[PDB]
Amino acid sequence: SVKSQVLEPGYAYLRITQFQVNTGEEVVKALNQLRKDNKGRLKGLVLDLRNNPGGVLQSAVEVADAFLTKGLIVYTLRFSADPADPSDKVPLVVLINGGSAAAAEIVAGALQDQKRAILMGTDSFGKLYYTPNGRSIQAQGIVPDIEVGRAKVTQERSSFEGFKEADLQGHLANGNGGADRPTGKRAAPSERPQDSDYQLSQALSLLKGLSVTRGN
Amino acid sequence: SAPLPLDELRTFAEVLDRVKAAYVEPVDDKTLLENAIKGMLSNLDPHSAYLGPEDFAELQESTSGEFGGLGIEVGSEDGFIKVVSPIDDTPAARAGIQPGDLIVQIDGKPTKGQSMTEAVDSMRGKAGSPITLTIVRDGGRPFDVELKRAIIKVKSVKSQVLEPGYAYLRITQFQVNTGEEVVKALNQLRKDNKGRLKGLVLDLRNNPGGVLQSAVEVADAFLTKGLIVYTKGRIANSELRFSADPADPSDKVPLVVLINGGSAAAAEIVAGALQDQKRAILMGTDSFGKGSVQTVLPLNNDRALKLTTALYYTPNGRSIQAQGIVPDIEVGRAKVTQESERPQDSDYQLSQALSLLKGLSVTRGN
Amino acid sequence: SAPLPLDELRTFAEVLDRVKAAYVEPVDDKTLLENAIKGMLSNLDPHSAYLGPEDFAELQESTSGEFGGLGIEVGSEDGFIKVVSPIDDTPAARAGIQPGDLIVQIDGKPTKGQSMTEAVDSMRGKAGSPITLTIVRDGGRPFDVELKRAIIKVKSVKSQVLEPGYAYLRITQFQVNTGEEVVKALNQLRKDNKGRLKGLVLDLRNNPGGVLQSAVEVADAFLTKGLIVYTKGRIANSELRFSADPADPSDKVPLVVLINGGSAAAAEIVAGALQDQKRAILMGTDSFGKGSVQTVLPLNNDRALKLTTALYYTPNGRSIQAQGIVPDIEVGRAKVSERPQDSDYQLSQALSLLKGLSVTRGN
Amino acid sequence: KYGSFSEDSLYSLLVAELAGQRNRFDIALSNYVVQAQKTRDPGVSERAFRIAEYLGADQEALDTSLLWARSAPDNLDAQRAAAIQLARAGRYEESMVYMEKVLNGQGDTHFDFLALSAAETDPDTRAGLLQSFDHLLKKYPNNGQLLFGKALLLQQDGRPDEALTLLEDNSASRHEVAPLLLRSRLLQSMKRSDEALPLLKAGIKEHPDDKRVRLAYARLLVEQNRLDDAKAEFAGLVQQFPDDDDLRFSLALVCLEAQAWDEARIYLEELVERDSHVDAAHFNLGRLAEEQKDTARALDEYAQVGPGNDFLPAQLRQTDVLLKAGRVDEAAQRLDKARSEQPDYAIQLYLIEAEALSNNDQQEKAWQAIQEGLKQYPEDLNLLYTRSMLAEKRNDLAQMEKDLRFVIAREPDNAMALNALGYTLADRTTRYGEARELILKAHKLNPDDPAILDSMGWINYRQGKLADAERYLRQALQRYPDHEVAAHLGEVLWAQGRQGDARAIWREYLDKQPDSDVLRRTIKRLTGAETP
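Residues numbered from 1 in each chain as written, not as in the entry; some residues may be left out. Chains lettered and ligands numbered in written order. Heavy atoms only, no water.

In terms of determination method and resolution, the entry is listed under cryo-EM at 4.14 Å.

(A) Region of the structure containing the domain arrangement of chain C. Residue and element names in this part refer to chain C. Domain annotation of chain C identifies domain 1 (73-149) and domain 2 (157-361). Each of domain 1 and domain 2 has a C-alpha centre, and these two points are 26 Å apart. Of the residues lining the interface, eight residues belong to domain 1; the matching set on domain 2 comes to eight residues. Of the roughly 720 Å² buried between domain 1 and domain 2, counting both surfaces, carbon and sulfur atoms make up 69%. Linking domain 1 with domain 2 are zero residue pairs in polar contact, by the criterion used here. No other element matches strand β2 (residues 80-85), which puts three residues into the side of domain 1 that touches domain 2. Residue composition of the side of domain 1 that touches domain 2, by class: four nonpolar, one polar and three charged. (Domains from an automatic or database assignment. Contact = heavy atoms within 4.5 Å. Buried area = accessible area lost by both parts, 1.4 Å probe. Polar contact = N/O pair within 3.5 Å; in protein donor to acceptor, adjacent residues only side chain to side chain. Helix = DSSP H or I, 4+ residues; strand = E, 2+ residues; numbered from the N terminus. Nonpolar A, V, L, I, M, F, W, Y, C, P; charged D, E, K, R; others polar.)

(B) Quick look at the sheet that holds strand β12 (residues 199-203) of chain B. All names here are of chain B. As summarised here, the arrangement of the five strands in space is β10-β11-β12-β15-β16, forming an open sheet in which the pairing is mixed. Looking along the sheet, the strands with just one partner apiece sit at the ends: β10 (157-163) and β16 (280-284). The mean inter-strand angle of the sheet, taken between neighbouring strand axes irrespective of direction, is 20 degrees. Note that β12 and strand β15 (residues 255-259) share three bridges and pair parallel. Following the sheet pairing, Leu202 is matched in β15 by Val257. (Pairing = 2+ DSSP bridges. Axes fitted to C-alpha atoms, helices over the stretch in contact; angles between N-to-C directions.)

(C) Region of the structure containing the sheet that holds strand β8 (residues 166-171) of chain C. Residue and element names in this part refer to chain C. Pairing is mixed in the open sheet, where five strands are placed in the order β7-β8-β9-β12-β13. Each end of this open sheet is capped by a strand with a single partner; those strands are β7 (157-163) and β13 (280-282). On average, adjacent strands in this sheet sit at an angle of 20 degrees to one another, irrespective of strand direction. The sheet contact formed by β8 and strand β9 (residues 200-202) spans three bridges and is parallel. Following the sheet pairing, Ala167 is matched in β9 by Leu200. Contacts from helix α11 (residues 345-361) reach β7, β8, β9, β12 (255-257) and β13 within the one sheet, and its direction differs from that of β8 by about 140 degrees.

(D) Geometry of the nonpolar core. Ranked by size, the top nonpolar core spans 67 residues in total, and within it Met99(D), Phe111(D), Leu182(D), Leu200(D), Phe234(D) and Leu268(D) carry the most contacts. If we skip the residues at most four places from it in the chain, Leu182(D) touches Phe148(D), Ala151(D), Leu152(D) and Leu167(D). Core analysis: the second largest hydrophobic core is formed by 65 residues, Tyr23(B), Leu9(C), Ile37(C) and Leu29(D) among them. (Core = buried A, V, L, I, M, F, W, Y, C linked by side-chain atoms within 4.5 Å. Buried < 20%, exposed > 50% of the residue type's maximum accessible area, 1.4 Å probe, protein only.)

So this is what it looks like as structure tokens:
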């Protein structure tokens, strides 16, 4: 159901393939363990609620509560947003490839309409339920405020790279005294997921964007 | 007082005598002493070096956009110098030269058998000197073009508006007037977008540098308050700090700045200023990581010398020399595969920069 | 009775004081004058260098024979360390290295700054150790090349009887005792051909150089008369001339020598002598053209210099260093049990030339 | 075609050169003298000679000059230097030999250079050189150049009469430019302009080519109050050399003297547009605007120029003309702008503002201006002295005393501050002993200045002694006559008893300065009438 991963320092990763019963408690546990992983605070999360067909409404509402504090989560049945949530207001962006529907769809709709998160994928599947906002979801579906068509990106290896100042003989040591970084061997140790599909890289870049600026 | 080091001077004299005696080719002491000065200056550090007359003139032309030429950008093609683009407001522009024009003769002498450097030097010369160019236009009949070598300023800033509300701006090489130009550019861009501009992309990739003063001016042209960069060195005058004048035509526009391995001292200064001041975003590869402000000390021989006068520090107090700025996003060049003239589709990092700008604009709400 | 250029010395003193004043680091006069002398030597003759005191001590005896190298040799030019010749039987030669290529970055640092001495010192390293070079060939773009550093055996000269009527003698490097190996190889070739051969081809291409004595010895082995090589220089001891010895195990067989342009110094000396005395003919391309002689010069201190004392000269008025030795016939290299003749185009051309000239000689 | 160094020749020289920048000049002298002695090359000897002359030691300098002359004697300047050094050493015949070396060369044979070099020499060496010159003239009396040189040396001595007689004796002096220039100089030093002007115009007509003759003729006309002729001549010069900025500037000055304001300001604007001598042009423009209708234009030329040392007097003229026009606020604003331009000039701007506002009787505005200038920079002694003077004009006597005391603490050597403090204490203290000590310190610092003597006489009067006060005040008056010193002398005579002389001197100095009010106050308080 769940899977956690520290994509980059200060930016963890979550994925809810299906919204099964007890999924809320398990995602709470994942949140806690990743909070331990990245020392009590994350700069942003990427909830990968894509390719998610559906699930049990209790699961979806509890999952939404896991990140939302105030408001009504989803109604047709008026599910409330319990103020208790270990998220602690980590900037959340939700990914919707388009296969998202039902439980995932309502969770995304709540985390969007409450302005608690952002939707960065593509238009959802479109599968009555009402977001916390009066707008319906079944009739027309949810359009992400920013759309990133599914794409695959490949990086080429240049034969040579610019010889950094650390390479030149007799380069002046930095004033701070920190060790200069040489240009040793440059090979990718692993293919982290962010490089695989365009959407994950876009989401991480946008999350870093909201972290550098907007903080003043 | 400090002793005049005498052992070292004796060794130097002995070595000069020996070299004059033993070298195969006769050598004059002027040449030997010039070589010694070049050697000490070069070997003190990677950058400092004695500058000769041709080298000094070349550096003065490079830093100061003014130069004497035809205002033509050219490229090599099957032994014929091809006019890549005739710069606007130039003798060539008023001469009707167009892109794709093939320069074949300079006042008659063929361009064949002459290197690109030779052609560039030949087409260049004193201001006001008449010159004739016979140019083959797309294989047509060659025709002579009458020109006079005239002073010209090469534009150091390039502008573009990729998308409504999102624009593109480049500083290929900082120069003395660079600052002023970019100021105008901003206004122009605003006049292009009738006042409201959402995002802006600055391009510093492959900028080997320029004069520090213009770099500080460009930095201040966007940043409002605080200190951009201060220099520290042994000499008293090295200690010098600039500050961001409140005026800025940027309108606090969200800004994303690129930095490549080809970005250098001035580009690194601007990047560190706009980063350590939370006013923009850095996305790209690492930078050249050079920090050294150098002075061109005049010499009585008209052949000045350039020396590393001081290091500098970003506003935080970090000495970027030998370390290089670390962009926030850390995006390396790659190719996108999907399952009119817009550079975003042609280039990767520019595409993701524009995507980040539009995402920021959307997240600003409405 | 001529004006003394005191102005230049005054300018140098002013520059020294100004530099000691303006530099960021507190830099003592010692380093200033040391760098001055270093560059004074370097910018004048690229091969020349300032052998320091501890550097001189190191040069007195080899530190250790453990470390080998990449085998290649370099000669400074335009400030870029270029590879004069990848010695045969070496990973660099076996790998995709072609003589006449320029080395830009060695071991992750550029080379445009330092001198060939430092580049050579960096090249050598522990045996069985990988290393990387970034080489720009003929204006192409830089590309990483990974090579393994290990101690290398040269084996000097190999003699192959390319055909029953002809023998193809190859010189790898002009080490000591090369001449006696050449002599015994010629004796073996004579034995195989029952004491008579129709001609020889000496493929002294892709050979950096070596001790002049071996080159003179081999050129004597092929020759009997005339000066082999003479040297000129300003110093009184500069003049060093050699000659030819009546003994010649060559048996007056015709010779055709190949110079691919990846040969320097000793190989050039031998080729120039062998054409100047009209003992043979050349068929390769123009040579690399390096005949400068380097001699260590002690100073008042224990230290010593490495100025280029003298530049070589072929028996005629031609000077190797200025123009390099040229072949009377130019044949660009190309490709067309199997014999080596079928493989390399120049060798086939040379063997065909010997075949054609055999009938002209008659017997 | 250059020479070649040796092993050790390039060694010592280097050390010397290096020493030449470590202030260890003695090593430079030793190395250069040795290398000049052995090498004999010209350049090394010349450098040695320059270094030796710079340090001052002459014996080795004499040797080096001899060697340099021996190295490349064709360089006549080295011959002249060696001859001068020999004259200093007293050879007196080898000096003559080197004279015939430099002289008789027939190439730009010049003795003006010799006169200029001798100008700085001591009178005894000059006398020896002149004796050698007399011997040469007895040997070489034919040419007028020898007479010109001898007359130059005589003028340098201080006895122009024989030099002028010698110039008058020979006609070639009239025919040569330099000797008639010299005779004009002698006549100027002879205090006979009536003889300088006619000979000056005779030189002009005989040699119209030389502009100096006519320039000096116009200058002597100005000194003789023949302003119209000088103005016409300077206009002719501007016609001859319109490119000359100095000539047209002098034309503007003479035109100003000739109360022809229109042409004066026209020439000043010519200077301004030529962008040369513009600061003095602006001072003249402000003076003219003070004596001419408009002043806004003058403010314009004042503003269009940047910072300048000679612009500071121009800025003072600007302030004064603005005060005359009545717009004091505009002057204050311009001065504030100039202060913002440069703080070092800002201090002088505050000083000038305070002084000018005091001159126009605006004591309170001057006081606030000087208080400002002290609040940006209280360390300056000039600002404190100006505030003290303004306080005295305002009767803020304690402030004046404090400012003078602080200035004395900063610069006790300055005698004017001591004199001011002593006078203030004497006038505003029952015990004059400390005032007498301060005035005595001012006297021993500056015993001849008229103000010092006046203050000494005043303090003596307050003390009670009479003859010393009389004599010191008479000394002050003869040094410079002033109404305040006259009042002090009248008080001394009142103490003496001979009131008739007090009345007579008071009448005389009231005629000198009828507008003076301290003198009339003293006369009223002593003799009982406004005038005696």
